[PDB]
Amino acid sequence: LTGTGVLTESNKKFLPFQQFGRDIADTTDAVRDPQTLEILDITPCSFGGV
Amino acid sequence: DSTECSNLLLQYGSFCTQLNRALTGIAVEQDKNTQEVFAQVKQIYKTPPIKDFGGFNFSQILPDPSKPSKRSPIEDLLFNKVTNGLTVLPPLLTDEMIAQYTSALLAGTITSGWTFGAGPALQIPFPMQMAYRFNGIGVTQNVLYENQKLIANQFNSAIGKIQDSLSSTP
Amino acid sequence: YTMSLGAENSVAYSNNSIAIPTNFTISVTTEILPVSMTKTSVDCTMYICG
Amino acid sequence: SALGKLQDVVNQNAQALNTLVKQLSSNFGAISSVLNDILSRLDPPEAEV
Amino acid sequence: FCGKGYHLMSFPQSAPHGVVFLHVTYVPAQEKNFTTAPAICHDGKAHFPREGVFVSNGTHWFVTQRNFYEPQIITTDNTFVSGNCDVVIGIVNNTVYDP
Ligand SMILES: *[C@@H]1O[C@H](CO)[C@@H](O[C@@H]2O[C@H](CO)[C@@H](O)[C@H](O)[C@H]2NC(C)=O)[C@H](O)[C@H]1NC(C)=O
Ligand SMILES: *[C@@H]1O[C@H](CO)[C@@H](O[C@@H]2O[C@H](CO)[C@@H](O)[C@H](O)[C@H]2NC(C)=O)[C@H](O)[C@H]1NC(C)=O
Ligand SMILES: *[C@@H]1O[C@H](CO)[C@@H](O[C@@H]2O[C@H](CO)[C@@H](O)[C@H](O)[C@H]2NC(C)=O)[C@H](O)[C@H]1NC(C)=O
Ligand SMILES: *[C@@H]1O[C@H](CO)[C@@H](O[C@@H]2O[C@H](CO)[C@@H](O)[C@H](O)[C@H]2NC(C)=O)[C@H](O)[C@H]1NC(C)=O
Ligand SMILES: *[C@@H]1O[C@H](CO)[C@@H](O[C@@H]2O[C@H](CO)[C@@H](O)[C@H](O)[C@H]2NC(C)=O)[C@H](O)[C@H]1NC(C)=O
Ligand SMILES: *[C@@H]1O[C@H](CO)[C@@H](O)[C@H](O)[C@H]1NC(C)=O
Ligand SMILES: *[C@@H]1O[C@H](CO)[C@@H](O)[C@H](O)[C@H]1NC(C)=O
């Protein structure tokens with residue numbers, strides 16, 4: 001799963017079978033990393049108009 | 001009826017939902033338009049059986065009871081002179097209902113002037129209503145009261161000319 | 001049902017009778033009119049291509 | 001339902017935005033609806049298509 | 001345009017993405033039947049109301065403003081003269097008080 005963003009700690013209660021989270025736009029919203037099995041939140045990097 | 005075509009069309013997402021939603025918005029907007037234009041009174045007014053309005057003749061614009069549609073002669077002429085997944089939705093108000101609105105508006109303005117548009121309908125004799133309207137344009141009442149027969153004749157001739165002009169112009 | 005257009009009223013018209021209000025009601029009614037929408041800007045390049 | 005007009009304007013704007021967001025999840029006949037997947041799966045000649 | 005009835009004044013109120021207008025209107029109430037005439041015949045002169053309308057409570061004729069029943073004695077101050085009584089259809093006979 002390729003993408004760009006800021007990876008932070010998450011407080012979302014992922015069930016054990018659940019791997020990743022998805023938003024309305026079908027982009028990944030959270031991920032469970034291998035080798036640690038901990039739940040990471042994915043937030044897009046800052047952007048806006050100039 | 002093609003299943004493969006619908007399967008391919010599923011790739012495009014919710015385009016059909018957008019189109020149907022826009023058409024539904026237009027369809028409800030048409031009924032709303034008709035309500036705003038015609039449903040301006042909550043009271044269905046009726047003219048008295050005797051048509052004594054001080055010489056003023058409203059026969060060409062009042063409903064004709066003889067016709068099945070209960071339409072005025074001018075309204076009858078107007079309705080005569082205007083002639084794959086696609087459906088036409090009928091309007092919420094029928095033509096009879098819109099004609100009944102117009103009849104109520106005509107009866108209210110003939111029997112009560114402008115009073116029914118601002119509150120309860122207050123009856124007033126029609127030559128006196130037209131005298132009020134003459135005051136509204138800066139003309140005294142006596143000008144009308146002394147010329148009431150002439151004004152009534154001019155109004156009747158003008159209405160007849162309206163009917164003739166509508167009938168004879170394509 | 002066939003909807004009713006309104007309450008039936010027969011105004012008592014005659015050629016020498018008038019109705020004059022002996023009182024009045026001070027009425028206050030609301031009219032709601034939209035003025036503006038939400039100002040949304042869409043970065044076309046970022047929407048299409050990220 | 002007194003304030004129905006303003007709520008209708010807000011609902012239409014939010015619904016249009018949500019429809020625009022949801023349109024990103026459609027692949028329009030492509031192999032995937034995710035650009036990252038296509039870029040990490042295919043060479044430029046076919047990823048371009 | 002500014003509510004139902006005879007418009008007096010309106011008050012604006014701010015709303016989210018809109019405006020709400022409080023339309024204060026005058027609504028006539030408690031109407032009463034009267035017998036009316038276009039003009040009053042007096043001394044062979046036709047009298048017409050300057051601002052109001054001739055009304056009769058059954059036996060006596062008054063002149064009142066058109067939107068509120070305020071009967072007044074028909075005088076030469078609230079009426080004007082135009083012609084004789086032979087032209088107006090429906091003119092009725094009554095005296096016109098001279099102050
Ligand atoms: C009002 O106008 C109508 C039509 O303009 C008059 O009806 C006509 O009446 C005459 C005789 O009374 C007939 O010869 C015509 O054929 C009628 N025309 C139509 C179209 O019906 C009516 O008489 C007028 N007056 C009143 C009081 O209704
Ligand atoms: C003025 O008088 C007329 C008739 O004298 C009244 O009209 C009648 O009202 C009653 C009560 O609703 C009805 O049953 C009759 O059918 C009406 N007659 C007609 C010819 O319309 C009218 O209500 C009176 N107005 C006021 C304000 O008292
Ligand atoms: C005109 O209408 C008003 C109501 O809008 C009447 O005022 C009411 O009068 C009664 C008895 O006099 C009181 O019990 C009410 O409390 C009054 N209402 C208000 C809102 O003040 C008034 O009496 C009417 N006047 C005439 C001449 O009919
Ligand atoms: C019409 O109004 C007039 C004046 O308001 C009434 O005349 C008065 O009636 C009262 C009640 O009986 C008497 O006490 C007065 O002496 C009368 N004044 C005059 C100058 O006559 C009249 O009665 C009213 N008519 C009706 C049918 O209500
Ligand atoms: C109003 O008054 C006039 C004059 O006072 C009345 O006219 C008179 O009518 C009688 C009979 O109808 C005649 O004999 C007189 O010659 C008329 N006089 C004039 C000067 O025209 C008129 O009839 C009255 N109207 C009503 C409705 O009472
Ligand atoms: C290796 O990954 C597995 C999950 O497949 C995990 O249970 C294990 O703890 C990982 N080991 C190390 C040393 O990270
Ligand atoms: C009103 O009609 C009656 C007949 O019902 C008539 O006698 C009277 O003169 C008419 N009045 C006016 C002002 O037309």
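Below, read A as the first sequence line, B as the second, and so on, with proteins coming before strands; counting in each chain starts at 1. Note: hydrogens, waters and symmetry copies are ignored here, and every other heavy atom, side chains too, is used. Both ligands and their constituent atoms are indexed starting at 1 by order of listing.
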Original post:
Parallel, tilted or perpendicular: which describes the rings of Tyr12(B) and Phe28(D), with under 30° parallel and over 60° perpendicular?
Top reply: perpendicular
Output block, N or O contacts of ligand 6, threshold 3.5 Å exclusive:
unit_1	atom_1	unit_2	atom_2	d
ligand 6	14 (O)	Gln35(A)	O	3.2

Original post:
Does some non-hydrogen atom of the protein lie less than 4.0 angstrom from atom 20 (C) of ligand 3?
Top reply: no
Original post:
Does the protein place any heavy atom closer than 4.0 Å to atom 17 (C) of ligand 4?
Top reply: no
Subject >> Distance-only side-chain donor-acceptor flag, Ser69(B) / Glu96(B), under 3.5 Å >> reply: no
Original post:
Within 45° of the ring axis of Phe34(E) and under 6.0 Å from its six-membered ring centre, is that where the NZ or CZ of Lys32(E) lies?
Top reply: yes
**OP:** Indicate, with yes or no, if the rings of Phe116(B) and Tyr45(B) have centres closer together than 6.0 Å.
**Re:** yes
Original post:
Among protein heavy atoms, which sits nearest to atom 5 (O) of ligand 3, and what does the distance come to when rounded to 0.1 Å?
Top reply: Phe24(C) O, 4.3 Å
Original post:
Tell me, which protein residue and heavy-atom name are nearest atom 4 (C) of ligand 4, and how many Å apart are they?
Top reply: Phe62(E) CZ, 3.6 Å
**OP:** Using a strict 4.0 Å cut-off to heavy atoms of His60(E), name the atoms of ligand 4 that fall inside it.
**Re:** 3 (C), 6 (C), 7 (O), 19 (C), 21 (O), 22 (C)
Subject >> Distance filter under 4.0 Å to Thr59(E) heavy atoms, resulting ligand 4 atoms >> reply: 25 (N), 27 (C)
**OP:** State whether any protein heavy atom lies less than 4.0 Å from atom 7 (O) of ligand 4.
**Re:** yes
Subject >> Residue pair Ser14(C) / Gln123(B), side-chain donor-acceptor N/O under 3.5 Å >> reply: no
Original post:
Any N or O on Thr22(C) sitting closer than 3.5 Å to an N or O of ligand 3?
Top reply: no
**OP:** Would you kindly say whether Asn142(B) and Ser82(E) are connected by a side-chain donor-acceptor distance under 3.5 Å?
**Re:** yes
Original post:
So which protein heavy atom does atom 22 (C) of ligand 3 come closest to, and at what separation?
Top reply: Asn23(C) ND2, 3.8 Å
**OP:** Indicate whether atom 14 (O) of ligand 4 is within a distance of less than 4.0 angstrom of some protein heavy atom.
**Re:** no
**OP:** Measure up the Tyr145(B) and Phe48(E) rings against each other and bin them: parallel (under 30°), tilted (30 to 60°), perpendicular (over 60°).
**Re:** parallel
**OP:** For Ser14(B) and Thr17(B), indicate whether the former's side chain and the latter's backbone hold a donor-acceptor pair under 3.5 Å.
**Re:** no
**OP:** Say whether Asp31(B) and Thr34(B), considering side chains only, have a donor N or O and an acceptor N or O under 3.5 Å apart.
**Re:** no
Original post:
Under 4.0 Å from atom 2 (O) of ligand 3, do we find at least one protein heavy atom?
Top reply: yes
Subject >> Under 3.5 Å side-chain donor-acceptor pair for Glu31(E) and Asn23(C) >> reply: no
Original post:
Can a protein heavy atom be found under 4.0 Å away from atom 26 (C) of ligand 4?
Top reply: yes
Original post:
Which ligand 4 atoms are under 4.0 Å away from a heavy-atom of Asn57(E)?
Top reply: 1 (C), 2 (O), 3 (C), 22 (C), 24 (C), 25 (N), 26 (C), 27 (C), 28 (O)
Original post:
Could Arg32(A) and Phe14(A) be counted as a cation-pi pair, given that NZ or CZ must be under 6.0 Å from the ring centre and within 45° of the axis?
Top reply: no
Original post:
Quick one: does atom 10 (C) of ligand 3 have a protein heavy atom under 4.0 Å from it?
Top reply: no
Original post:
When the ring planes of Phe126(B) and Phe58(B) are compared, do they come out parallel, tilted or perpendicular, using 30° and 60° as the limits?
Top reply: perpendicular
Original post:
With no hydrogens and no angle check, do the side chains of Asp43(C) and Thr45(C) hold a donor and an acceptor under 3.5 Å apart?
Top reply: no
